[PDB]
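Student: Structure in structure tokens, see below.
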Amino acid sequence: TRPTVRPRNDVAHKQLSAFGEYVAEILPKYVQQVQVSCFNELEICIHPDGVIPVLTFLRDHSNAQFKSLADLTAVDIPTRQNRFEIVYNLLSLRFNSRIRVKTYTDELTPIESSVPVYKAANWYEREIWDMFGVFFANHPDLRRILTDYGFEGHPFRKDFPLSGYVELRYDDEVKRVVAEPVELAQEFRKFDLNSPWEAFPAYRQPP
Amino acid sequence: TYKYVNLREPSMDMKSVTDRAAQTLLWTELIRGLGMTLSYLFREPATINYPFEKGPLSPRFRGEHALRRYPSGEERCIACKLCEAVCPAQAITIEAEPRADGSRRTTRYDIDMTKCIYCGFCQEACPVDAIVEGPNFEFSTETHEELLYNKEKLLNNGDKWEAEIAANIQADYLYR
Amino acid sequence: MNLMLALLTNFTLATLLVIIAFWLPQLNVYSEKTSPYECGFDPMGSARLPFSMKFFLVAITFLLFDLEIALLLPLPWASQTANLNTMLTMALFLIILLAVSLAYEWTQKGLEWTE
Amino acid sequence: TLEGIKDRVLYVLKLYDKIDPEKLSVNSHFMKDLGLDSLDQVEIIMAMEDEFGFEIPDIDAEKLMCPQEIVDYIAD
Amino acid sequence: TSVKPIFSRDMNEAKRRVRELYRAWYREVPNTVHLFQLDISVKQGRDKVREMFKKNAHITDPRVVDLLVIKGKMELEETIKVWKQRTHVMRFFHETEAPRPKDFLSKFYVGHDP
Amino acid sequence: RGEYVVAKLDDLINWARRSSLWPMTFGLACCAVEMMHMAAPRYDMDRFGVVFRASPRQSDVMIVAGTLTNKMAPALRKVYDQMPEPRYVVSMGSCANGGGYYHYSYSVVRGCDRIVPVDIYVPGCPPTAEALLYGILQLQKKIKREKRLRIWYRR
Amino acid sequence: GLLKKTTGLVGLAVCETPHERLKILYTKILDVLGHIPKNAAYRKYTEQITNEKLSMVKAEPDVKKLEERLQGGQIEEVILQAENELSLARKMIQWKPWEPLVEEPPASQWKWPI
Amino acid sequence: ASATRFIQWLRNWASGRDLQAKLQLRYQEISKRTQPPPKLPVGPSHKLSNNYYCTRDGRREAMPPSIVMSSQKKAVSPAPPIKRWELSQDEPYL
Ligand SMILES: CCCCCCCCCCCCCCCCCC(=O)OC[C@H](COP(=O)([O-])OCC[N+](C)(C)C)OC(=O)CCCCCCCCCCCCCCCCC
Ligand SMILES: CCCCCCCCCCCCCCCCCC(=O)OC[C@H](COP(=O)(O)OCCN)OC(=O)CCCCCCCCCCCCCCCCC
Ligand SMILES: CCCCCCCCCCCCO[C@@H]1O[C@H](CO)[C@@H](O[C@H]2O[C@H](CO)[C@@H](O)[C@H](O)[C@H]2O)[C@H](O)[C@H]1O
Ligand SMILES: CCCCCCCCCCCCO[C@@H]1O[C@H](CO)[C@@H](O[C@H]2O[C@H](CO)[C@@H](O)[C@H](O)[C@H]2O)[C@H](O)[C@H]1O
Ligand code: SF4
Ligand code: SF4
Ligand code: SF4
């Protein structure tokens, strides 16, 4: 119990590992990977076809009972051919436990909408469509939610520039707000911060 | 542990039922609410007489920025650019070169006070206490341009406010 | 003549204040300034579109009840009659029938607004 | 009114600005002959829907490439 | 090259959805001008709609076409429901952008942009 | 002497206008919380004659208290145009002043002065309630210095 | 035991006959589980936990003492969970998740950091 | 604090509380605005020996996730069922 180091909890690590393979045994058709982090969080990585079967099972199964969708989001990794990682964070009140379910898609492949499983997923999928451009099939009402009306692009993609492409001002001649190509009085100053010395040997990739 | 906020069955005896009828017909609970606002009418108000009286502040207050000097009059800033690196808003802009006596000193030190989030990271990062956030908060301007501070403005602020800034630093530097 | 003069003065005074209000200040009229207000965004549809009345039945009942007060207002004068036996009976009969009419509309859910 | 329907359809095709009435014939082809494109053809069909007050589904509209082909279609 | 479709099995089905969208936009321009009190004519509005479809005429992937149609319907719904304001409808016409000549010499005189 | 008369009438209309500034009930983000504290008992803006009114038709001042996004910009301009005149704009906090923490975002207007004219800029993130009050009193003194009738007399 | 006045959860009505209702529901779940392949992990695990719950229901005639053994909250919460399990079992008949993995991911799909 | 006796009684009666004991305006009970200097303590790593950083390096103890299954017996739940909450004994019903 060194004072500055976060203590381990092996009991939680063991319990989550056992449940991880329990889920893999029951849904082998869709489960591609199961892992538990060193701070005791369980992740199920699945084929995208399994979004509805897997999420239904975790919600309704008597030994799972993940009734609450805490969060639904996406991550963009341009180096992958399926660049978008879709992440579901679920909470089980009955068993006081959390689980993460992850799948993937590319710019042109639809993902089945999870609104039938969780009504909470409605706006989360609109946000993912808005910020990443991932289409969700059978969504009752898919449209932008955060961006401006008529906004072009998906800002949270890694290749969308920080300041975008257009900016707004009031123009007296046309007596309205107009959109024009972005110019910055002071360009954002890119910093190269990474140290050229490796920090964490435990995570070194093979050469 | 938990408690129920609203789970109580009213008593159905004659006295209780007649107490509730009086409350309904004679508005007793509404009259009680009138008593509370009446008691406030006769309390001393909490208002202070600004600008003749001021709200209290502490030595840690983060206000207008200033560039400081050593007791000799030399500038403290040696253009390390730690403040510029840490600034969450990228509100600081710095240029530097050797001074005519070889000193390491800035030729530009701008703070865009309309970018700045007044977070105090720059004064935490400074190794020589050159850049600080002073105690002034009454510097609203009539134009946007007046809030784009260059080094001359920031040095004047330091010269203007140093008497208070040094006393504030004295009060709080043992907490840093 | 005093009543007519008092009314004329009141509405003349109000009209003069409105004349000053419109001819004293400096105006700067343009399209966006005079557009209708809806919290910063353009209205969807005309404000002249039908606006459903959910208390329509109470409103019609008001017309009938509003006329009952016209029958009841003479009661202070009717109390000056020598024929007080008849007047009191008829006075109570009218109020009771108004109460019965209110009770009917109440029990038959006529005072509840349409959903 | 098969005789008349040839006239209303020709009147609309005349009004449609992009079509030169000198090159227009009851057998003129919108793409090959009258020099129009798919969207122009779609525009013409909506003009037909107006003056005849009835709907031409896109499955139907895709085959009407000549003024006569429209005439044959209104008959039913 | 076996991929999950969005809506259209092939370009023939996609071009049907494109024509359906074009009709919906074409009918809508007269209302948009009237409702938004725009100072342009229905002809300019429909020419702009035509210009927007034309820039994408070179696509051959049905999935890309489907997404363009999905966005087109989203854009149309925003307009019909007056979620857009007049400023949004007029952003298609770029009325305040100065001309940017597109010949080598003109660019050479103004700067380094190719 | 007309000069004397117009000078005194300027003082009266200026005094009436600065003594009765009615800001629009309009706030955008965290800066609006400090604006609430200016209305709260410690500062009691109402004691200066400064009273919020929701309708733009009945407002003299727009306090832009928070970040102005691109999506919100047309609505801010709309309700400013719907204010009768004279009208004033106080820019409160870094976001409204020039973008602030979100200056480089794709969705943020870099300063509300791109959308509306601004009479006073109140610095801070957020400005303290006292700082905002200082800005309101600075606006009052700006209105006190106006010379509308003296300039009209010399036209 | 004396009846519950409320379950404490908005919209969850008290059940007058919880033992009988639970027996019906678990029996249904076992019936539906009989059309799933014998070696499918879902059937084996759900049969095991369903039979445990059913055994506890038969062996405990008191609701409060039964709620303690079930460890699923109010008895009306256990009934709702039994209904949710039945609905899932019917769906898993049509999904057949016991079949082999439909497709492997690309090479570096789950590699982090990149 | 300067309210006369009659006014104190009036607002005490109207509110139904003894308001003078818990006034919402602050007087002399607050801390002085000048304070003696502090002398803050140091942490457990302020030692001159037996203090090698490698033995107290939390960041370097983090490990990549444990791969339970990849595509390269009793039923379980994620954790034991949650224990039912108890009613408060301080005040079970408000
Ligand atoms: C409850 C009742 C309360 C009623 C209170 C009534 C107000 C009492 C205080 C009166 C003060 C004097 C009024 C000055 C305000 C004028 C508005 C203003 O600021 O304009 C600036 C303008 C400035 O104009 P400008 O020429 O400098 O420039 C404006 C034009 N642009 C925008 C292009 C620059 O002042 C004037 O134009 C004229 C000032 C005249 C001052 C004398 C007032 C005479 C009013 C008579 C008008 C004739 C119509 C009749 C109206 C009814 C008569 C009572
Ligand atoms: C000899 C035999 C004699 C025979 C005659 C005997 C007659 C006397 C006995 C009859 C009862 C007398 C009192 C009748 C008063 C009217 C009662 C009434 O209507 O109030 C009840 C009303 C009910 O509403 P609610 O509580 O929400 O629930 C009702 C469920 N349907 O609730 C309300 O109306 C609440 C009103 C809300 C708005 C109140 C806001 C102001 C409150 C402060 C007012 C203080 C009173 C000031 C009076 C000043 C008069 C100058
Ligand atoms: C839905 C239909 C409902 C119908 C309801 C009808 C209610 C009628 C109730 C009875 C009201 C009148 O009751 C009656 O009032 C009169 C006075 O006016 C009284 O009359 C008494 O006083 C009057 C003077 O005031 C004398 O002239 C008279 O000789 C004397 O008998 C009667 O003693 C009393 O019996
Ligand atoms: C002669 C003048 C003096 C006599 C008073 C004359 C007016 C009498 C009005 C009698 C009304 C009786 O009929 C009325 O009908 C409704 C049914 O919709 C009843 O019940 C309903 O209304 C009440 C109040 O709205 C609700 O609390 C109740 O949940 C609802 O079921 C009323 O409790 C009852 O009061
Ligand atoms: S206070 Fe914060 S935002 Fe402002 S200049 Fe310093 S580091 Fe930058
Ligand atoms: S102000 Fe301080 S931190 Fe910033 S450049 Fe100067 S010495 Fe470095
Ligand atoms: S200036 Fe600061 S406090 Fe004000 S809205 Fe922006 S981030 Fe929030």
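Numbering starts fresh at 1 for the residues of each chain in the structure tokens, the chains themselves are lettered A, B, ... in the order given, and ligands are numbered from 1 as they appear.
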Extract, using only C-alpha atoms, all DNA, RNA and protein residues at most 7 Å from residue 58 in chain H, discarding same-chain residues fewer than 4 positions from it, and format them as a list in words.
Tutor: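 Non-adjacent residues within range: residues 4, 5 and 6 of chain A.
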Student: If we count only C-alpha atoms, what is near range 155-162 of chain B at a cut-off of 7 Å, once residues fewer than 5 positions away on the same chain are taken out, given as a list in words?
Tutor: residues 66, 67 and 68 of chain B
Student: What is the distance between CA of residue 32 in chain D and CA of residue 45 in chain E, in Å to one decimal?
Tutor: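 Rounded to one decimal, the two atoms are 27.5 Å apart.
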Student: Give me every strand (DSSP E) residue in chain H, going by DSSP on the backbone, as a list in words.
Tutor: residues 66, 67, 68, 69 and 70 of chain H
Student: Which residues are close to range 32-41 of chain B, i.e. within 9 Å by only C-alpha atoms, leaving aside same-chain residues fewer than 4 positions away? Reply as a list in words.
Tutor: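 Close residues of range 32-41 of chain B: residues 27, 28 and 45 of chain B; 10, 11, 12, 13, 14, 15 and 16 of chain H.
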Student: Export, as a PDB file, in the first residue's frame, the selected residues with N, CA, C and O atoms.
Tutor:
ATOM      1  N   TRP B  27     -57.063  29.496   4.766  1.00  0.00           N
ATOM      2  CA  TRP B  27     -55.796  29.788   4.095  1.00  0.00           C
ATOM      3  C   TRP B  27     -54.634  29.911   5.076  1.00  0.00           C
ATOM      4  O   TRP B  27     -53.725  30.713   4.876  1.00  0.00           O
ATOM      5  N   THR B  28     -54.632  29.089   6.123  1.00  0.00           N
ATOM      6  CA  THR B  28     -53.649  29.268   7.187  1.00  0.00           C
ATOM      7  C   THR B  28     -52.221  29.135   6.668  1.00  0.00           C
ATOM      8  O   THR B  28     -51.347  29.925   7.038  1.00  0.00           O
ATOM      9  N   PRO B  45     -30.998  44.728   4.967  1.00  0.00           N
ATOM     10  CA  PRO B  45     -30.656  44.127   3.677  1.00  0.00           C
ATOM     11  C   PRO B  45     -29.172  43.808   3.577  1.00  0.00           C
ATOM     12  O   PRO B  45     -28.332  44.377   4.272  1.00  0.00           O
TER      13      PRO B  45
ATOM     14  N   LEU H  10     -40.848  41.567  16.346  1.00  0.00           N
ATOM     15  CA  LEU H  10     -41.790  41.512  15.235  1.00  0.00           C
ATOM     16  C   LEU H  10     -41.384  40.452  14.220  1.00  0.00           C
ATOM     17  O   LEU H  10     -42.195  39.605  13.831  1.00  0.00           O
ATOM     18  N   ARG H  11     -40.126  40.479  13.778  1.00  0.00           N
ATOM     19  CA  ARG H  11     -39.700  39.526  12.765  1.00  0.00           C
ATOM     20  C   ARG H  11     -39.521  38.135  13.348  1.00  0.00           C
ATOM     21  O   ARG H  11     -39.687  37.143  12.630  1.00  0.00           O
ATOM     22  N   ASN H  12     -39.179  38.037  14.631  1.00  0.00           N
ATOM     23  CA  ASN H  12     -39.157  36.734  15.283  1.00  0.00           C
ATOM     24  C   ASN H  12     -40.543  36.105  15.271  1.00  0.00           C
ATOM     25  O   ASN H  12     -40.691  34.912  14.987  1.00  0.00           O
ATOM     26  N   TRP H  13     -41.571  36.898  15.567  1.00  0.00           N
ATOM     27  CA  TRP H  13     -42.927  36.374  15.605  1.00  0.00           C
ATOM     28  C   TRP H  13     -43.419  36.017  14.206  1.00  0.00           C
ATOM     29  O   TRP H  13     -44.010  34.951  13.998  1.00  0.00           O
ATOM     30  N   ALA H  14     -43.188  36.901  13.233  1.00  0.00           N
ATOM     31  CA  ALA H  14     -43.686  36.668  11.882  1.00  0.00           C
ATOM     32  C   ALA H  14     -43.061  35.425  11.265  1.00  0.00           C
ATOM     33  O   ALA H  14     -43.751  34.625  10.624  1.00  0.00           O
ATOM     34  N   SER H  15     -41.754  35.251  11.437  1.00  0.00           N
ATOM     35  CA  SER H  15     -41.079  34.082  10.894  1.00  0.00           C
ATOM     36  C   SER H  15     -41.369  32.828  11.703  1.00  0.00           C
ATOM     37  O   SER H  15     -41.322  31.722  11.157  1.00  0.00           O
ATOM     38  N   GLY H  16     -41.673  32.974  12.986  1.00  0.00           N
ATOM     39  CA  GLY H  16     -41.805  31.829  13.856  1.00  0.00           C
ATOM     40  C   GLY H  16     -40.496  31.229  14.308  1.00  0.00           C
ATOM     41  O   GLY H  16     -40.500  30.132  14.872  1.00  0.00           O
TER      42      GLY H  16
END
Student: With only C-alpha atoms as the basis for distance, which of B:126, B:82, B:14, B:31 is at the shortest distance from chain H?
Tutor: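 Smallest distance to chain H is found for B:31.
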Student: Please report, as a ChimeraX atom specification, each residue of chain B to which DSSP assigns helix (DSSP H, G or I) when run on this structure's backbone.
Tutor: /B:14-26,28-41,82-86,121-125,145-147,151-175
Student: Write the residues of the selection above to a file with C-alpha atoms, as a compact mmCIF listing (two decimals), in the first residue's frame.
Tutor:
# COMPACT_ATOMS: atom_id res chain seq x y z
CA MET B 14 -62.21 14.48 13.67
CA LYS B 15 -59.80 17.07 15.07
CA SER B 16 -57.25 16.49 12.31
CA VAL B 17 -59.91 16.60 9.58
CA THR B 18 -61.23 19.86 11.00
CA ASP B 19 -57.71 21.27 11.24
CA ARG B 20 -57.29 20.57 7.53
CA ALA B 21 -60.67 22.13 6.72
CA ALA B 22 -59.65 25.31 8.53
CA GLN B 23 -56.39 25.34 6.58
CA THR B 24 -58.31 24.95 3.32
CA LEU B 25 -61.03 27.50 4.08
CA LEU B 26 -59.03 30.04 6.12
CA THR B 28 -53.65 29.27 7.19
CA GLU B 29 -50.59 27.95 5.35
CA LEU B 30 -50.76 30.84 2.88
CA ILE B 31 -50.90 33.27 5.81
CA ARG B 32 -47.81 31.58 7.23
CA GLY B 33 -45.97 32.24 3.98
CA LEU B 34 -46.92 35.90 4.28
CA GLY B 35 -45.29 35.95 7.71
CA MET B 36 -41.95 34.84 6.30
CA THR B 37 -41.72 37.63 3.72
CA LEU B 38 -42.88 40.05 6.40
CA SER B 39 -40.00 39.07 8.66
CA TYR B 40 -37.62 39.77 5.78
CA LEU B 41 -39.05 43.26 5.26
CA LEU B 82 6.73 28.46 -19.87
CA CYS B 83 3.67 30.69 -19.49
CA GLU B 84 3.15 30.69 -23.25
CA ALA B 85 3.45 26.90 -23.34
CA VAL B 86 1.01 26.24 -20.51
CA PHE B 121 -1.62 28.81 -14.91
CA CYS B 122 0.89 31.31 -16.31
CA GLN B 123 1.80 32.58 -12.85
CA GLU B 124 2.07 29.02 -11.55
CA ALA B 125 4.39 28.11 -14.41
CA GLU B 145 -8.48 46.71 -29.11
CA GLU B 146 -7.87 48.11 -25.62
CA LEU B 147 -7.81 44.54 -24.24
CA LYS B 151 4.62 44.33 -23.16
CA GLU B 152 4.49 48.08 -22.54
CA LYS B 153 0.98 47.79 -21.14
CA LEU B 154 1.91 44.84 -18.94
CA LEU B 155 5.02 46.53 -17.57
CA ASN B 156 3.00 49.66 -16.79
CA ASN B 157 0.50 47.45 -14.96
CA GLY B 158 3.34 46.01 -12.91
CA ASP B 159 4.70 49.45 -12.09
CA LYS B 160 1.18 50.70 -11.34
CA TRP B 161 0.17 47.76 -9.13
CA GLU B 162 3.44 46.47 -7.67
CA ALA B 163 2.79 47.81 -4.17
CA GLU B 164 -0.35 45.68 -3.82
CA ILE B 165 0.97 42.71 -5.82
CA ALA B 166 4.07 42.29 -3.66
CA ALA B 167 2.02 42.39 -0.46
CA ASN B 168 -0.39 39.80 -1.89
CA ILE B 169 2.46 37.50 -2.94
CA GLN B 170 3.96 37.87 0.53
CA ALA B 171 0.68 36.72 2.06
CA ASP B 172 0.33 33.59 -0.09
CA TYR B 173 3.76 32.39 -1.25
CA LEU B 174 4.12 29.94 1.64
CA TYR B 175 1.03 28.17 0.28
Student: Which residues sit within 8 Å of ligand 1, counting only C-alpha atoms and all ligand atoms, listed as a PDB file with N, CA and C atoms, in the first residue's frame?
Tutor:
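Saved as result10.pdb:
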ATOM      1  N   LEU C  17     -50.899  61.682 -24.926  1.00  0.00           N
ATOM      2  CA  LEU C  17     -49.676  60.992 -24.539  1.00  0.00           C
ATOM      3  C   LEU C  17     -49.191  60.066 -25.643  1.00  0.00           C
ATOM      4  N   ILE C  19     -49.707  60.623 -28.877  1.00  0.00           N
ATOM      5  CA  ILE C  19     -49.186  61.481 -29.936  1.00  0.00           C
ATOM      6  C   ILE C  19     -47.759  61.901 -29.616  1.00  0.00           C
ATOM      7  N   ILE C  20     -47.513  62.309 -28.372  1.00  0.00           N
ATOM      8  CA  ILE C  20     -46.158  62.664 -27.967  1.00  0.00           C
ATOM      9  C   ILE C  20     -45.230  61.473 -28.144  1.00  0.00           C
ATOM     10  N   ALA C  21     -45.679  60.289 -27.729  1.00  0.00           N
ATOM     11  CA  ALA C  21     -44.828  59.110 -27.797  1.00  0.00           C
ATOM     12  C   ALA C  21     -44.363  58.828 -29.219  1.00  0.00           C
ATOM     13  N   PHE C  22     -45.184  59.141 -30.218  1.00  0.00           N
ATOM     14  CA  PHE C  22     -44.846  58.808 -31.593  1.00  0.00           C
ATOM     15  C   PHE C  22     -44.129  59.923 -32.328  1.00  0.00           C
ATOM     16  N   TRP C  23     -44.280  61.170 -31.900  1.00  0.00           N
ATOM     17  CA  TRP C  23     -43.690  62.284 -32.619  1.00  0.00           C
ATOM     18  C   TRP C  23     -42.524  62.925 -31.889  1.00  0.00           C
ATOM     19  N   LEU C  24     -42.252  62.529 -30.660  1.00  0.00           N
ATOM     20  CA  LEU C  24     -41.139  63.087 -29.908  1.00  0.00           C
ATOM     21  C   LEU C  24     -39.850  62.316 -30.179  1.00  0.00           C
ATOM     22  N   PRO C  25     -39.854  60.986 -30.104  1.00  0.00           N
ATOM     23  CA  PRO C  25     -38.595  60.244 -30.207  1.00  0.00           C
ATOM     24  C   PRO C  25     -38.044  60.215 -31.624  1.00  0.00           C
ATOM     25  N   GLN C  26     -36.752  59.922 -31.703  1.00  0.00           N
ATOM     26  CA  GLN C  26     -36.079  59.714 -32.975  1.00  0.00           C
ATOM     27  C   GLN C  26     -36.304  58.282 -33.438  1.00  0.00           C
ATOM     28  N   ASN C  28     -35.881  55.015 -36.242  1.00  0.00           N
ATOM     29  CA  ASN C  28     -34.948  54.372 -37.162  1.00  0.00           C
ATOM     30  C   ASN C  28     -35.607  53.051 -37.565  1.00  0.00           C
TER      31      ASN C  28
ATOM     32  N   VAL F   6     -30.091  73.683 -25.141  1.00  0.00           N
ATOM     33  CA  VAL F   6     -29.857  72.328 -25.630  1.00  0.00           C
ATOM     34  C   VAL F   6     -28.907  71.587 -24.705  1.00  0.00           C
ATOM     35  N   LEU F   9     -31.048  70.312 -21.865  1.00  0.00           N
ATOM     36  CA  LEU F   9     -31.916  69.235 -22.320  1.00  0.00           C
ATOM     37  C   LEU F   9     -31.130  67.959 -22.580  1.00  0.00           C
ATOM     38  N   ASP F  10     -29.876  68.081 -23.020  1.00  0.00           N
ATOM     39  CA  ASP F  10     -29.020  66.906 -23.140  1.00  0.00           C
ATOM     40  C   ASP F  10     -28.821  66.239 -21.789  1.00  0.00           C
ATOM     41  N   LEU F  12     -30.784  66.231 -19.302  1.00  0.00           N
ATOM     42  CA  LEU F  12     -32.014  65.609 -18.829  1.00  0.00           C
ATOM     43  C   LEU F  12     -32.260  64.270 -19.512  1.00  0.00           C
ATOM     44  N   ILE F  13     -32.173  64.229 -20.842  1.00  0.00           N
ATOM     45  CA  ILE F  13     -32.440  62.977 -21.538  1.00  0.00           C
ATOM     46  C   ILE F  13     -31.341  61.965 -21.240  1.00  0.00           C
ATOM     47  N   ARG F 148     -26.281  64.400 -28.037  1.00  0.00           N
ATOM     48  CA  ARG F 148     -27.202  64.277 -29.161  1.00  0.00           C
ATOM     49  C   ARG F 148     -27.808  65.622 -29.531  1.00  0.00           C
ATOM     50  N   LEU F 149     -28.338  66.344 -28.547  1.00  0.00           N
ATOM     51  CA  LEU F 149     -29.020  67.599 -28.832  1.00  0.00           C
ATOM     52  C   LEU F 149     -28.046  68.731 -29.123  1.00  0.00           C
ATOM     53  N   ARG F 150     -26.877  68.733 -28.485  1.00  0.00           N
ATOM     54  CA  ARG F 150     -25.887  69.756 -28.793  1.00  0.00           C
ATOM     55  C   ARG F 150     -25.353  69.611 -30.210  1.00  0.00           C
ATOM     56  N   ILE F 151     -25.227  68.384 -30.708  1.00  0.00           N
ATOM     57  CA  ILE F 151     -24.771  68.196 -32.080  1.00  0.00           C
ATOM     58  C   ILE F 151     -25.878  68.549 -33.065  1.00  0.00           C
ATOM     59  N   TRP F 152     -27.124  68.206 -32.740  1.00  0.00           N
ATOM     60  CA  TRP F 152     -28.233  68.576 -33.610  1.00  0.00           C
ATOM     61  C   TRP F 152     -28.344  70.087 -33.745  1.00  0.00           C
ATOM     62  N   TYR F 153     -28.118  70.812 -32.653  1.00  0.00           N
ATOM     63  CA  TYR F 153     -28.220  72.264 -32.694  1.00  0.00           C
ATOM     64  C   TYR F 153     -27.200  72.875 -33.643  1.00  0.00           C
ATOM     65  N   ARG F 155     -25.955  71.375 -36.384  1.00  0.00           N
ATOM     66  CA  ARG F 155     -25.993  70.737 -37.688  1.00  0.00           C
ATOM     67  C   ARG F 155     -26.228  71.760 -38.788  1.00  0.00           C
TER      68      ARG F 155
END
Student: If we count only C-alpha atoms and set the cut-off at 10 Å, which residues sit around range 88-91 of chain C, ignoring sequence neighbours fewer than 4 positions away in its own chain? Please answer as a VMD selection string.
Tutor: chain C and resid 71 to 72 75 78 to 79 83 to 84 95 to 96
Student: Would you mind exporting N, CA and C atoms of the selected residues as a short mmCIF file (atom, residue, chain, number, x, y, z; two decimals), in the first residue's frame?
Tutor:
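So part.cif came out as:
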data_model
loop_
_atom_site.label_atom_id
_atom_site.label_comp_id
_atom_site.auth_asym_id
_atom_site.auth_seq_id
_atom_site.Cartn_x
_atom_site.Cartn_y
_atom_site.Cartn_z
N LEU C 71 -80.49 38.95 -13.70
CA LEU C 71 -81.74 38.68 -12.99
C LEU C 71 -81.61 38.90 -11.50
N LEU C 72 -80.41 38.70 -10.94
CA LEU C 72 -80.21 38.78 -9.50
C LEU C 72 -79.85 40.18 -9.03
N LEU C 75 -82.09 42.35 -6.82
CA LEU C 75 -82.55 41.81 -5.54
C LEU C 75 -82.58 42.84 -4.42
N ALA C 78 -85.88 44.50 -4.86
CA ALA C 78 -87.02 43.63 -4.65
C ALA C 78 -87.27 43.39 -3.18
N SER C 79 -86.23 43.51 -2.35
CA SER C 79 -86.38 43.33 -0.91
C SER C 79 -87.20 44.43 -0.26
N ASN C 83 -94.64 42.32 -0.54
CA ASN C 83 -94.88 40.91 -0.84
C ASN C 83 -93.60 40.09 -0.67
N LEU C 84 -93.09 40.08 0.56
CA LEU C 84 -91.81 39.43 0.82
C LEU C 84 -91.91 37.91 0.80
N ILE C 95 -81.66 31.28 -7.46
CA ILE C 95 -80.29 30.95 -7.08
C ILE C 95 -80.11 29.44 -7.01
N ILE C 96 -81.09 28.73 -6.48
CA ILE C 96 -80.98 27.28 -6.38
C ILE C 96 -80.87 26.66 -7.77
#
Student: Can you work out which one of F:139, F:95, F:62, F:131 has the shortest atom-to-atom distance to ligand 5, counting only C-alpha atoms and all ligand atoms?
Tutor: F:95
Student: Near chain C, which residues of chain A fall within 12 Å when you count only C-alpha atoms, and what do they look like as number ranges by chain?
Tutor: A: 172, 174-176
Student: So the first atom is CA of residue 85 in chain G and the second is CA of residue 29 in chain G; what is the distance between them in Å, to one decimal place?
Tutor: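 Computed distance, CA of residue 85 in chain G to CA of residue 29 in chain G, equals 7.4 Å.
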Student: Residues of chain G that have any atom at most 12 Å from an atom of chain B: could you tabulate them with the shortest-distance atom pair and the distance in Å to one decimal, using only C-alpha atoms, ordered by chain and increasing number, as a Markdown table?
Tutor:
| residue | atom | partner | partner_atom | distance |
| --- | --- | --- | --- | --- |
| G:5 | CA | B:7 | CA | 11.6 |
| G:6 | CA | B:7 | CA | 10.7 |
| G:8 | CA | B:4 | CA | 9.8 |
Student: Which polymer residues have any atom within 12 Å of an atom of residue 39 in chain G, counting only C-alpha atoms, with same-chain residues fewer than 6 positions away left out, as a list in words?
Tutor: residues 25 and 26 of chain A; 33, 45, 47, 98 and 99 of chain G
Student: Can you write just those residues out, N, CA and C atoms, as a short mmCIF file (atom, residue, chain, number, x, y, z; two decimals), in the first residue's frame?
Tutor:
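Done, and the output landed in out-v9.cif:
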data_model
loop_
_atom_site.label_atom_id
_atom_site.label_comp_id
_atom_site.auth_asym_id
_atom_site.auth_seq_id
_atom_site.Cartn_x
_atom_site.Cartn_y
_atom_site.Cartn_z
N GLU A 25 -18.92 -17.14 -24.09
CA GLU A 25 -19.50 -18.47 -24.26
C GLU A 25 -20.91 -18.39 -24.82
N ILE A 26 -21.67 -17.38 -24.42
CA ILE A 26 -23.09 -17.32 -24.77
C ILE A 26 -23.32 -16.70 -26.14
N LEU G 33 -36.80 -22.53 -23.61
CA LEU G 33 -35.41 -22.96 -23.67
C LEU G 33 -35.26 -24.35 -24.27
N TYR G 45 -26.94 -22.24 -19.27
CA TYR G 45 -26.81 -21.30 -18.17
C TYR G 45 -28.16 -20.78 -17.72
N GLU G 47 -31.07 -22.30 -18.04
CA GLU G 47 -31.77 -23.38 -17.34
C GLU G 47 -31.27 -23.51 -15.91
N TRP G 98 -25.32 -18.78 -30.61
CA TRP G 98 -24.45 -19.93 -30.33
C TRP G 98 -23.68 -20.39 -31.56
N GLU G 99 -23.99 -19.86 -32.74
CA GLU G 99 -23.27 -20.21 -33.95
C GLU G 99 -21.88 -19.59 -33.95
#
